[PDB]
Each structure stands twice: as structure tokens, then as C-alpha cells.
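Readers should treat all values here as calculations from the given coordinates under stated rules, not as data from a laboratory. All Cβ positions, even for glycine, are placed from backbone atoms using ideal geometry, and neighbour counts span all protein chains on display.
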Amino acid sequence: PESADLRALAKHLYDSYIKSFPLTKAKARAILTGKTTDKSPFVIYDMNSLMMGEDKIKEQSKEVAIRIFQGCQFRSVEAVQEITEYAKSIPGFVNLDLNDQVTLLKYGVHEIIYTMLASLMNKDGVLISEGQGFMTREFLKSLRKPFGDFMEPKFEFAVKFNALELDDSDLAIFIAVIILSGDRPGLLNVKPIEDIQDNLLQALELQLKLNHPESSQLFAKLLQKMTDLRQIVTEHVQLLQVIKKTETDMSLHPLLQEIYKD
Amino acid sequence: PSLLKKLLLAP
């Protein structure tokens, strides 16, 4: 009854997630485990392989570490746009005050970016360029000191998050819960957001009980991952300020400028 | 102006 409506909501979110995000976790894991008929991704594991694959997985004369860092930022821009399209499919979201929709995305998108990045990661590297490339974790760690630790916190989160074995159906609801967070700074009307989130949280709990019946306390673990993601984003913002106060001539995409403006 | 607002309004 209420339960049936919660399954219909879960399915609606899954279907909209499929519409919004071209590279799902299911498709990504198939590439990572080599169980797909598609062409294998080009592996970037050192400076030589970067040179060989850079143009295919995409001139300028920036140092390698800066080209990699800024490429990651451009992927983030595309992710923000996909997440925005997904948010608009969450029932109730587009009827919220428009300034509150902006606030929810501004303070939520990076948490979602990290969540979905885990889908593209294993302990050894990350899929890039819509799955056409694979950049190793060791190569990213080898970059000059300001940039050599930029991805490592994301890998650390991802290995632990991926141990929970969530699928795309689980992730669709988890992401929606995060977007509909009523405690973001400057929200004008918190109650309608909390009401939507309460229903999404009920849908998530039922999804996890049905889809992960042997995974004790998985719901509580995911609530804790939401808290962890906020701390991860905070640390990332700190690293960016460092990168800004030590590096020079670093163009930042205007969409990221809006999101990072504090 | 807000770029996020523009994305939110573009159907």
C-alpha cells in the first residue's frame, strides 16, 4: 500500500537515473572486470602512455599535472549537468522555490560526484572519458606534490563505499536523499524539502531491506556515508584553496566558480 | 547570474 508506492517511487527514480547518467555502475563494472564486448579502455599508467592516449580520450602547453587536474574539473562540469537533470526528475523538486533548488544543487552536487565516481573506480584506477580510458591510481599519485594527493581521498572513499555492493537501483535513491537535504545553508523553505526527503528515506530503507536482505544495518551505514561525504567535500575545498594560493594561471570553469563561491 | 538556475529552467 504505502509500501507499494515506495517501490513505485524507487522504480521511477531508477528509470530517471538511467535517463540522466549514460555510464551506469552496471556498465562501468562490466568494463572494469572485462566482461563487456565493447572495445577495451586505453590505460594511462605513466607519462608515456598519457602522451599516447591523451588526444584519443580528450592544443595547450600546460604542465601534465595541471592538464590532468583541469580535465577532472571538466568532467565535474558534465556531471553537474547530469545531476541537475536527475534532480529535476525527483517528484516535488521542480515545484520547490527556484532559489532553493539552486541551493540544494550547489551544496549537494559534489557529494553526488564523489558517490558516482566510486562507481567508476576500483583499488587500482578510475575510468575516464565515458569509459574509454582508465587512469591508474599509482600514476595519479605520482603527480607533483600539490596534485599527487588530489584523487587519493576519493579512491579511499570509493574502496570502502564499493564494499557495500550497492547497485544502480540503490544508488538512485541514495543520491536523491542527499540532494533533498533540508540543512543546506540559506534554504528559504525547509519543511517541503524535509517532507520529500522523509519519503525518499522510507523508499531507501525498503529498497535496502529487499535488495540486500543479508546486509545487516546497511541503511545505517549509508546514513553514515552521507556524513562522510560532507567531510570529504570539506577536505577537497581546503585542498583547492591551497592549489589557488600556490599555483598560477588556473582557469576555473564558470559553473564550478558558482558552486565553489562561499 | 546563476548558471545553475539556467540549467534548472532549460527543459
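Does residue A:19 meet the test of being in a helix (DSSP H, G or I) and surrounded by fewer than 18 Cβ atoms within 10 Å (Cβ to Cβ)? Quick ask: steps written out before the conclusion?
Values: in a helix (DSSP H, G or I): yes; surrounded by fewer than 18 Cβ atoms within 10 Å (Cβ to Cβ): yes.
So residue A:19 passes the test.
Of everything in the range A:86-131, what is among the polar types (S, T, N, Q), within 18 Å of the chain's Cα centre (by Cα) and over 18 Å from residue B:3 (Cα atoms)? Give them in sequence order. Quick ask: steps written out before the conclusion?
The first filter runs over the range A:86-131 and keeps only residues among the polar types (S, T, N, Q), leaving A:89, A:95, A:99, A:101, A:103, A:115, A:119, A:122, A:129.
From what's left, within 18 Å of the chain's Cα centre (by Cα): A:89, A:103, A:115, A:119, A:122, A:129.
Within the range A:86-131, A:89, A:115, A:119, A:122, A:129 qualify.
Can you spot a residue in the range A:160-174 that is loosely packed, with under 15 Cβ neighbours inside 10 Å and under 30 Å from residue A:248 (Cα atoms)? Steps first, answer last, please.
So the first thing to find is which residues in the range A:160-174 are loosely packed, with under 15 Cβ neighbours inside 10 Å, and the list is A:160, A:163, A:165.
Add one more test, that the residue is under 30 Å from residue A:248 (Cα atoms), and what stays is none.
Taking every residue of the range A:160-174 in turn, none turns out to be loosely packed, with under 15 Cβ neighbours inside 10 Å and under 30 Å from residue A:248 (Cα atoms).
Looking at A:129, A:40, A:76, A:49, can you tell me which residue is away from chain B (no Cβ under 14 Å) and under 30 Å from residue A:12 (Cα atoms)? Explain how you work it out, then say what you get.
Details: A:40 fails: under 30 Å from residue A:12 (Cα atoms); A:76 fails: away from chain B (no Cβ under 14 Å); A:49 fails: under 30 Å from residue A:12 (Cα atoms).
Criteria check complete, one pass: A:129.
So residue A:56 fits all but one of (1) touching a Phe, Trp or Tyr at 6+ places or on another chain (Cβ under 8 Å); (2) within 28 Å of residue A:233 (Cα to Cα); (3) in a helix (DSSP H, G or I); what number is the exception?
(2)
Can you list residue pairs whose Cβ atoms sit under 6 Å apart, with the first residue in the range A:87-101 being at the interface with another protein chain (Cβ under 9 Å from one of its Cβ atoms) and the second being exposed (fewer than 15 other Cβ atoms within 10 Å of the Cβ)? Count only pairs 6 or more apart in sequence or on different chains.
Listed by first residue and then by second, the contacts come to A:88/A:94.
So how many residues does the range A:231-254 have that are surrounded by 15 or more Cβ atoms within 10 Å (Cβ to Cβ) and either in contact with a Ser or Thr (Cβ under 6 Å, 6 or more places away or on another chain) or under 19 Å from residue A:184 (Cα atoms) (or both)?
Here the count works out to 3.
As an exercise: evaluate residue A:186 against (1) buried (at least 16 other Cβ atoms within 10 Å of the Cβ); (2) of a type outside the set (D, E, K, R); (3) within 14 Å of chain B (Cβ to nearest Cβ) and give the number of the one condition it does not meet.
(1)
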